[PDB]
Amino acid sequence: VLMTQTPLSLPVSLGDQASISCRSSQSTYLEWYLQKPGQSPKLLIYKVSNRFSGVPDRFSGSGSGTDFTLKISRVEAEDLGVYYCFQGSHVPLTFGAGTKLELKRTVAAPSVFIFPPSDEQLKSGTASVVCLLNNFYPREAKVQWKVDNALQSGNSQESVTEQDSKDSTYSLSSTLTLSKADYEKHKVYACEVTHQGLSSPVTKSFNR
Amino acid sequence: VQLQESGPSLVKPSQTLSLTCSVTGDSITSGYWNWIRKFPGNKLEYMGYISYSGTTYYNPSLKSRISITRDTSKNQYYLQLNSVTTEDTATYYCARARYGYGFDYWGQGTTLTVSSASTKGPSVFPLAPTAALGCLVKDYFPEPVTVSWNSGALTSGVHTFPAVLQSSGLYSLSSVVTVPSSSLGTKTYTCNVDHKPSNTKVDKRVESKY
Ligand SMILES: C[C@]12CC[C@H](O)C[C@@]1(O)CC[C@@H]1[C@@H]2CC[C@]2(C)[C@@H](c3ccc(=O)oc3)C[C@H]3O[C@]132
């Protein structure tokens with residue numbers, strides 16, 4: 001009934017083996033699907049271990065009781081996308097959460113930039129402050145807004161690009177939204193960034 | 001075998017969602033005919049089916065609000081989802097299942113947004129401090145907006161971010177470009193924003209101190 005996939009993000013190098021685990025919460029119609037960017041999900045494996053038509057032999061499914069595994073033996077770029085296990089033996093029919101296969105590269109620290117609200121925006125009673133984290137790896141990054149050294153929360157939103165096809169990096173924007181009244185209440189605006197490529201956290205800031 | 005979803009791209013909170021799957025190359029009086037949705041974040045939810053005989057199955061999570069019907073004379077089947085919230089925002093897929101195998105043929109999917117907001121064009125604000133510049137494309141509805149730089153002459157170093165749905169119910173995104181810091185004092189940078197749904201087109205010079 002519950003289907004647990006591990007991991008949810010799976011880095012791999014092209015030509016290496018990738019393995020995706022799927023555990024069912026009880027005890028055979030177990031399938032694997034792939035959704036590549038810009039297309040619908042596609043059936044890879046049926047009845048635990050059987051390859052569907054048109055599916056390359058580098059894809060194989062296996063599994064004991066409750067433990068199921070999809071192996072991709074020599075990953076190609078066309079294999080990048082989101083993989084899902086699925087059980088259709090018992091109602092309700094359930095998918096696992098999905099494992100995104102992405103490309104390994106060396107750790108790359110973000111270049112961090114802060115952008116104050118424009119004068120054009122301030123005249124309409126809203127203030128948006130934007131922190132850019134540029135061209136980093138891995139995807140995992142923490143951004144913290146500080147306003148006069150007071151840690152902010154609930155009032156920022158993050159957006160992240162898909163992995164870059166040329167350099168395998170990510171980029172991330174974080175936007176702190178305030179009213180113009182609350183923007184003018186404080187002076188120092190800073191975003192503090194924590195990431196594997198930074199030996200300690202980087203802070204970028206300005207004065208209103 | 002081809003499946004194709006149709007229906008509105010948008011509905012308001014509490015209203016009914018009603019979608020259609022048109023099937024060709026096969027008869028819906030054979031096999032299993034399913035509805036599946038993908039949330040933002042790439043979680044998939046199996047919703048239910050109507051079978052070859054007309055018998056249905058519904059996921060208990062949706063059982064109160066869901067109805068799957070068909071018209072064999074048109075080779076169509078239908079999804080009705082009552083009382084929608086902002087958490088029914090998803091891509092909706094119809095899919096055939098072949099007994100013993102799985103979901104072998106899928107439609108292209110249809111993006112549904114749940115929102116009480118009306119069509120509104122964006123405000124375009126400059127982001128100014130290798131150096132970075134950008135534009136904050138703010139408070140628009142619906143998606144999409146397209147952004148380009150220097151009339152599409154500048155593509156390298158550009159990152160246009162996925163839109164985020166704000167607590168107000170309007171979209172916002174940022175588009176940024178990284179450039180040589182030496183070129184800041186000698187060159188100019190304009191973002192070109194297009195919002196076809198509201199007929200809005202805006203060009204914004206991103207000027208800086210240098
Ligand atoms: C076609 C199918 C699709 C999903 C998987 O690929 C397995 C499957 O191919 C075969 C199995 C099939 C499944 C769809 C759901 C089922 C019809 C379900 C069921 C529901 C009501 C009932 O009265 O009896 C059984 C439980 C299991 O028999 C199911």
Side-chain angles (χ1 to χ4, degrees), chain A residues 8 29-33 35 39-47 50 52-53 82 84 86 88 91-98 100 111-122 124 126 128 130 132 134-135 154-155 157-162 164 166 170-175 177 204 206, chain B residues 3 34 36 38 41-46 48-49 57-63 91 93 95 97-109 123-134 136 138-139 156-157 159-168 172-176 178 204 206:
Chain A
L8 304 176
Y29 298 124
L30 188 121
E31 292 139 36
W32 290 93
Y33 296 84
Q35 177 156 44
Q39 73 175 41
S40 310
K42 211 163 179 55
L43 179 61
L44 301 180
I45 304 294
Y46 69 98
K47 289 181 186 163
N50 299 280
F52 195 61
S53 44
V82 182
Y84 303 88
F86 173 77
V91 303
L93 293 37
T94 44
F95 293 90
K100 200 193 188 205
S111 299
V112 184
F113 306 91
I114 193 162
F115 295 115
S118 67
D119 288 358
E120 198 201 353
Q121 191 190 18
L122 287 166
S124 213
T126 308
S128 297
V130 177
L132 169 65
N134 209 52
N135 289 357
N155 60 352
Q157 293 192 283
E158 296 189 349
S159 181
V160 195
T161 62
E162 289 305 297
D164 189 78
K166 314 304 280 184
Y170 295 91
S171 291
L172 179 152
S173 65
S174 179
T175 307
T177 303
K204 294 290 167 191
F206 66 89
Chain B
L3 288 80
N34 309 263
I36 302 172
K38 190 179 76 196
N42 307 335
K43 186 141 153 289
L44 289 178
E45 187 172 46
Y46 181 81
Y49 69 72
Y57 168 79
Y58 304 140
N59 192 335
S61 70
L62 302 167
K63 181 174 71 176
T91 304
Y93 296 97
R98 193 187 178 186
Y99 198 98
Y101 291 82
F103 309 120
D104 60 351
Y105 292 100
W106 291 67
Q108 73 190 323
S123 296
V124 183
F125 305 119
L127 301 168
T130 290
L133 302 170
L136 177 60
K138 204 183 182 291
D139 296 345
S156 68
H159 297 289
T160 299
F161 286 90
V164 299
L165 181 65
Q166 296 160 115
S167 55
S168 59
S172 183
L173 70 70
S174 49
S175 177
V176 302
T178 57
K204 190 70 194 181
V206 180

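Throughout, a chain's letter reflects where its sequence line sits, starting with A, and its residues are numbered from 1.
- With a threshold of 4.5 angstrom between heavy atoms, B:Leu165 approaches chain A through N, CA, C or O but not through any side-chain atom.
- There is no contact between B:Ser123 and chain A, counting heavy-atom distances below 4.5 Å.
- Remark: A:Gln121 CD to B:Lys138 NZ distance equals 6.0 Å, nearest 0.5 Å.
- By the 4.5 Å heavy-atom criterion applied to side chains, A:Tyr33 and A:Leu44 are not counted as neighbours.
- Of the listed residues A:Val130, A:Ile45, A:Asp164, A:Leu93, the one with more heavy-atom pairs under 4.5 angstrom with chain B than any other is A:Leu93.
- With a 4.5 angstrom heavy-atom cutoff, A:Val91 touches chain B via backbone and side-chain atoms both.
- The choice from A:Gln39, A:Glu162, A:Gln157 that makes the most heavy-atom pairs within less than 4.5 Å of chain B is A:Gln157.
- Across A:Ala97, A:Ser40, A:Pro92, A:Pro41, the residue that shares the most heavy-atom pairs under 4.5 angstrom with chain B is A:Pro41.
- The six-membered or imidazole ring of B:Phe103 lies near that of A:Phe86, with a centre-to-centre distance under 6.0 Å.
- Comparing B:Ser61, B:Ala97, B:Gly109, B:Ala128 by heavy-atom pairs within less than 4.5 Å of chain A, the highest count is held by B:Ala128.
- Interface remark: B:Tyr93 contributes side-chain atoms only to the contact with chain A (heavy atom separation under 4.5 Å).
- Comparing B:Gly100, B:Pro60, B:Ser174, B:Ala163 by how many heavy-atom pairs each has under 4.5 Å with chain A, the most go to B:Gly100.
- Contacts of B:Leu136 with chain A are made by side-chain atoms alone, with heavy-atom separations under 4.5 Å and no backbone atom involved.
- Here the OH atom belonging to B:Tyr58 is positioned 11.0 Å from the OH atom belonging to B:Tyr46, to the nearest 0.5 angstrom.
- Interface remark: B:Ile36 contributes side-chain atoms only to the contact with chain A (heavy atom separation under 4.5 Å).
- Only the backbone of B:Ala131 comes within less than 4.5 Å of a heavy atom in chain A; its side chain stays farther off.
- Remark: B:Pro126 pairs with A:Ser118, A:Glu120, B:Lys204, B:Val206 by the side-chain contact (heavy atoms from CB on, under 4.5 Å) rule, at least two apart or across chains.
- Side-chain contact between B:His159 and A:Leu132: absent, with no pair of heavy atoms (C-beta onward) separated by less than 4.5 Å.
- Only the side chain of A:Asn135 comes within less than 4.5 Å of a heavy atom in chain B; its backbone stays farther off.
- Proximity to chain A (any heavy atom under 4.5 Å) is restricted, for B:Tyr57, to the side chain, taken from C-beta onward.
- Annotation: side chain of A:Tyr29 is in contact with side chain of B:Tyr99 (closest heavy-atom distance under 4.5 Å).
- Heavy atoms closer than 4.5 Å to chain A are found nowhere in B:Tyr49, neither backbone nor side chain.
- Taking the side chain as every heavy atom from C-beta outward, A:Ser171 and A:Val160 never approach each other to under 4.5 Å.
- Between B:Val164 and A:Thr175 the shortest side-chain heavy-atom distance does not fall below 4.5 Å.
- Applying the side-chain hydrogen bond (donor to acceptor under 3.5 Å, both in side chains) rule to A:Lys204 yields no partners; only residues at least two apart in sequence or on another chain are considered.
- With a 4.5 Å cut-off on non-hydrogen atoms, A:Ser111 does not touch chain B at all.
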